[PDB]
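Engineer: Before I ask anything, let me first share the structure, which is written out below as structure tokens.
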Amino acid sequence: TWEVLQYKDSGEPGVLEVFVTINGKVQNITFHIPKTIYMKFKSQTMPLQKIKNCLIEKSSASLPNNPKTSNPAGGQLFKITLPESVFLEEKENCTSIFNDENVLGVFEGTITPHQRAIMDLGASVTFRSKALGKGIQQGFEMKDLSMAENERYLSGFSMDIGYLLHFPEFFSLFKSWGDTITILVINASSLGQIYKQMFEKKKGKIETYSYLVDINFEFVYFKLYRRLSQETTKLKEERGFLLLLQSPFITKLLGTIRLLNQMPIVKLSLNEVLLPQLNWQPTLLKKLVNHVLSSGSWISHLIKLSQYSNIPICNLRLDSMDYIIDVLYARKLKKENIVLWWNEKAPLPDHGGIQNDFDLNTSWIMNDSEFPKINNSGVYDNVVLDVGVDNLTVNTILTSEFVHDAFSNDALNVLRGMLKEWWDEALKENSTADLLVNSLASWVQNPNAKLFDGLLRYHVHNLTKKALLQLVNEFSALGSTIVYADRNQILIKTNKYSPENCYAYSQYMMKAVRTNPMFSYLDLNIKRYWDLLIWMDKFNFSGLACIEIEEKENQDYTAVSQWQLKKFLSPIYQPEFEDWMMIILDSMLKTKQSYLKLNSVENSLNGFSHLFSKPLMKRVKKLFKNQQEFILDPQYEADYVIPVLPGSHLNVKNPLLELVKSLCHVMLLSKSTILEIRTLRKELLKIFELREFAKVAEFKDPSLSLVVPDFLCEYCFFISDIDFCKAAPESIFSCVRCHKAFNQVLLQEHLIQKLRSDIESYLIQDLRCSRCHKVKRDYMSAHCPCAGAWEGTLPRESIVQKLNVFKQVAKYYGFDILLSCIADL
Ligand SMILES: [Zn+2]
Ligand SMILES: [Zn+2]
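Take the sequence shown: its letters are residues 1321 to 1450, 1454 to 1491, 1497 to 1513, 1523 to 1551, 1556 to 1563, 1568 to 1585, 1588 to 1747, 1777 to 1975, 1995 to 2220, numbered as in the entry's author numbering.
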């Protein structure tokens, strides 16, 4: 039994070196790992070439189901284990088994011996030789003798640590058993006071991690760039001490300090650190001191994860949740008869090389990322509750030959069982299992993770679609009306009129929803209760809300007013719009209260416009007179300037016209008091010299839309679709739940990817006949056999407008790489 610190493959093929903790101190020993690959060679009879020394066997493993691979054909799969040295020597010639006729690909050729050893063998290494000296003077061979023991406790750790840090010339070093700090080219006093301050502020953490790392140290602020080599050598002969690395140039530091390859090291890369251009000393001091005093908690968490997941310390990292998923899932498949499709240094599933080719169905499943939603505008007098839906993907996964696009059923079942056992373990107070459950969805979406298949992602998305529509149907089974739908928010119209009466109703409804077997794992929370709502859009609504219904007391009612349409008004009319919106909301509240006091038309709201008709008309007349008087004055030209915003496309002249048009369209949403609104609108339009059904008196959307789907937040794992045009500022740059700023070059890259996928989709479109909508089925042909000329499924003007709005968006904010992307066209 031995605890492995690190695995590492040698330059010679099939040879690996390990820093292991021998019964005394650490020790290094050499191994030999053969390779294992899977072929599809010939149909039933093959040129075996048995004279070559290797192991061959016709297996019956489960191959991945590619959409393009529709013909099973010959299925005599072969399992070949083979040392990599002879593989490299036989790669030279062509007359060999690897390259012949009827060779259909290699399925497990990109798996290093390091990976095979760390998945099958693990850190808990032991021997059962029962020639140990002869096996340690040379590399101990493992394929004949290998096994993994239990790993409940990895090791009782009591041994020194190292520390080398960099902040873009801020190379820093520290020793646990040292007593000095020197920094490469007021500071000392600030350093001492800050260290003492965070000492008392983290006394408890320091005490509870002192057994890992333990004190004032000498400070120094140091032709000087060669001292890294000297310090590394000095620490090499001073101790045998794990190294902690923190810099954006880890590979550069490893390649420029030759001594760093001689000891096991643990990397803690948290890059993207920048300088404030002024007073960088306090912030850098804070960074270094918090890193120094949090390394103990870091190593505690790392040893927890390692001794939980049977992974060596040096091969772990704080944010490598996907790696553990890959390791566990891969070993669970290895004990199974399923080929791993393992991939390295490429975000594509391994399929034998077929995956390099371009195929239409793969292209369409790659770019199918948009998610639908439900919006039913109108004015509601019934109470409406706002709920949130959580843990949707996990419940969707856990709940539930002919089709070539289907994902493999066996892998789906295995993943469901693994997720179920993780859920059960996390229920029994396991933080690691909880973190794994939280990170599962991010692992699924992220292509950078290995064992990633777009087919599986599409399968999950399709299942989520079906589950959401089923949930909507279930909510519709009882008395309910869905106002808005999304992956995160659902608004439901309640039959009753008083919020106080919906307490037991809402609780019973949510209880019944939870008790449903397919909705067992969902998490439902109620946020707000609505008294009177004017809902037309996600970004444009106003109403009266109470947070939560209390007992024996009248609830607190607050008014909300979110209207992007207000921004597109003239600067001088926005106060008028606000005031009149407030007045009309007050009138509707008053008439609903009066009707309720009395006891597809509803007398709750009918007759509400009689309260404010004449003052509104007089005010509109006064506004028209003043605008007529002072429109051509130069000093008054400032307040009549129509603002320009991203996504604006309408070109119009008279501001009062849009003011009244919006003020009438907001009222027209009644869907039950149409005639009164129409009479009022005609009377308003009579003030101008216009007519009831004129084109210029028609309201439109004063903005376009540009939505980015499946936007992810690293800190909170929140998934939402962000709109680059309709959304207000100071929300594009920060996550909704957690108030953490977003990275900007990520936004630019995502916009560029969306644009390029759009262009590709336009360029790969199909052709449809004009008269009969049948599709083109021939490569060369002038027209349909019937009458009619071909037209494209994707019209040109649509993509032209899309590019226009990309241009406007990129111009509004600072987006330079996107501008360069435009320029290359
Ligand atoms: Zn977030
Ligand atoms: Zn036709």
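Virtual Cβ for every residue (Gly too), placed ideally from N, Cα, C.
1. By DSSP's criteria, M1359 is part of a beta bridge. Which residues make up the other side?
2. Run through DSSP, which three-state label would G1735 get?
3. Can you tell which of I2154, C1661 and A1443 has its C-alpha closest to the C-alpha of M1470?
4. Which runs of the beta strand (DSSP E) fall wholly inside the segment 2179-2210 and span at least 3 residues, in chain order?
5. Leaving out five residues before and five after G1793 in sequence, what residues of the same chain have Cβ atoms less than 6 Å from its Cβ?
6. Would you mind listing the alpha helix (DSSP H) stretches within the segment 2009-2086 that are 4+ residues and don't spill past its ends, in chain order?
7. Determine the extent of the alpha helix (DSSP H) in which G1456 is found, giving its start and end residues.
8. For a test of your reading of the model: does the CB of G2187 fall under 6 Å from any non-hydrogen atom of ligand 2? Yes or no.
9. For ligand 2, enumerate in chain order all residues having a CB closer than 5 Å to any of its heavy atoms.
10. Going by C-alpha distance, which of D1907, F1851, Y1873 and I1910 is nearest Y1884?
11. For a minimum of 3 consecutive residues, which ranges assigned as the beta strand (DSSP E) are wholly contained in the segment 1828-1896?
12. In the DSSP assignment, find the alpha helix (DSSP H) that holds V1335 and state where it starts and stops.
13. Buried or exposed for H1698, going by 16 or more other Cβ atoms inside 10 Å?
14. Compute the Euclidean distance between the alpha carbons of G1395 and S1363, then round it to the nearest angstrom.
15. Cβ of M1894 within 7 Å of Cβ of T2068?
16. Label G2042 either buried or exposed according to how many other C-beta atoms from any shown protein chain fall within 10 Å of its C-beta, with 16 as the threshold for buried.
17. Between the Cα of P1719 and those of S1667, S1818 and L1845, spot the shortest distance and give me the residue it belongs to.
18. Between which residues of its own chain and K2135 is the CB-CB distance below 8 Å, once the five residues before and five after are set aside?
19. Can you list, in chain order, the residues of its chain whose CB lies under 8 Å from that of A2122, leaving out five sequence neighbours each side?
20. From what residue to what residue does the alpha helix (DSSP H) around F1536 run?
21. Mapping DSSP to helix, strand and coil, what is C1661?
22. Can you find the residues in the same chain that come closer than 8 Å, C-beta to C-beta, to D2153, ignoring five residues on each side of it along the sequence?
23. Spatial neighbours of residue 1308 within its chain, please: CB distance less than 8 Å, with the 5 preceding and 5 following residues excluded, ordered by chain position.
24. Quick one: any contact between the segment 2000-2015 and the segment 1960-1973, if contact means 3 or more CB pairs under 8 Å?
25. Mark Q1593 as exposed unless 16 or more other C-beta atoms lie within 10 angstroms of its C-beta, in which case mark it buried.
26. Would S2165 and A2184 be called neighbours here (beta carbons separated by less than 7 Å)?
27. So, do the segment 1342-1354 and the segment 1727-1734 have three or more beta carbon pairs nearer to each other than 8 Å?
28. Whole angstroms is fine: what's the gap from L1680's alpha carbon to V1936's?
29. Quick check: what's the CA-CA separation for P1367 versus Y1358?
30. If you draw a straight line from the C-alpha of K1540 to the C-alpha of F1427, how long is it?
31. Are there any heavy atoms of ligand 1 lying less than 6 Å away from the beta-carbon of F2106, as far as the coordinates show?
32. Secondary structure at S1963, three-state DSSP: helix, strand or coil?
33. What distance in whole Å lies between the Cβ atoms of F1783 and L1831, which are believed to be in contact at a cut-off of 8 Å?
34. At the level of alpha carbons, what is the spacing between residue 1587 and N1626?
35. Note down, in chain order, each residue of its chain lying with its Cβ closer than 6 Å to the Cβ of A2205, except the 5 sequence neighbours on either side.
Structural biologist: Reading from the atomic positions:
1. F1398.
2. Looking at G1735 - three-state DSSP - the assignment turns out to be strand.
3. Selected option, being the one with the closest Cα: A1443.
4. Taking only runs of at least 3 residues, the beta strand (DSSP E) segments lying wholly in the segment 2179-2210 are 2185-2187.
5. Excluding sequence neighbours, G1793 sits near nothing in its chain.
6. For the segment 2009-2086, whole alpha helix (DSSP H) runs of length 4 or above, ordered along the chain, are 2050-2063 and 2069-2082.
7. From DSSP, the alpha helix (DSSP H) with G1456 extends over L1455 to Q1460.
8. It does not: the Cβ of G2187 is nowhere closer than 6 Å to a heavy atom of ligand 2.
9. That gives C2164, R2166, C2167, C2179, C2181 and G2183.
10. Looking at the Cα atoms, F1851 is the closest of the given residues.
11. Fully enclosed beta strand (DSSP E) runs of 3 or longer: 1857-1860 and 1865-1869.
12. Where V1335 is concerned, there is no enclosing alpha helix (DSSP H), although the beta strand (DSSP E) around it starts and stops at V1335 to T1341.
13. Residue burial is scored here from C-beta neighbours: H1698 has at least 16 other C-beta atoms within 10 angstroms and is therefore classed as buried.
14. Roughly 7 Å between the two C-alpha positions.
15. Contact: no.
16. That one is buried.
17. The shortest Cα separation from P1719 among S1667, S1818 and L1845 belongs to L1845.
18. The answer, listed in chain order, is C2108, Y2110, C2111 and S2129.
19. Here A2122 has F1915 as same chain residues with Cβ atoms under 8 Å from its own Cβ, once five neighbours each way along the sequence are excluded.
20. Under the DSSP assignment, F1536 falls in the alpha helix (DSSP H) whose first and last residues are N1524 to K1538.
21. Collapsing the DSSP output to three states places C1661 in coil.
22. Counting only Cβ-Cβ distances below 8 Å, and skipping sequence neighbours, we find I2194 and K2197.
23. Here the chain covers residues 1321 to 2220 and nothing more, so residue 1308 does not appear.
24. Counting C-beta pairs with one atom in each stretch, the segment 2000-2015 and the segment 1960-1973 have three or more that are closer than 8 Å, which means they touch.
25. Here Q1593 is buried, its C-beta having at least 16 other C-beta atoms within 10 Å.
26. With contacts defined as CB atoms closer than 7 Å, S2165 and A2184 qualify as a contacting pair.
27. Output reads no: the segment 1727-1734 does not touch the segment 1342-1354.
28. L1680 and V1936: Cα-Cα distance of roughly 54 Å.
29. Computed Cα separation, rounded: 16 Å.
30. C-alpha separation (whole angstroms): 54 Å.
31. Result no, Cβ not under 6 Å from ligand 1.
32. Helix at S1963.
33. With 8 Å as the limit, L1831 and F1783 qualify as a contact, their Cβ atoms being about 5 Å apart.
34. One cannot assign coordinates to residue 1587, given that the chain in this structure leaps from 1585 to 1588.
35. Close CB contacts of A2205 within its chain, under the 6 Å cut and outside five residues either way in sequence, are with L2213 and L2214 (chain order).
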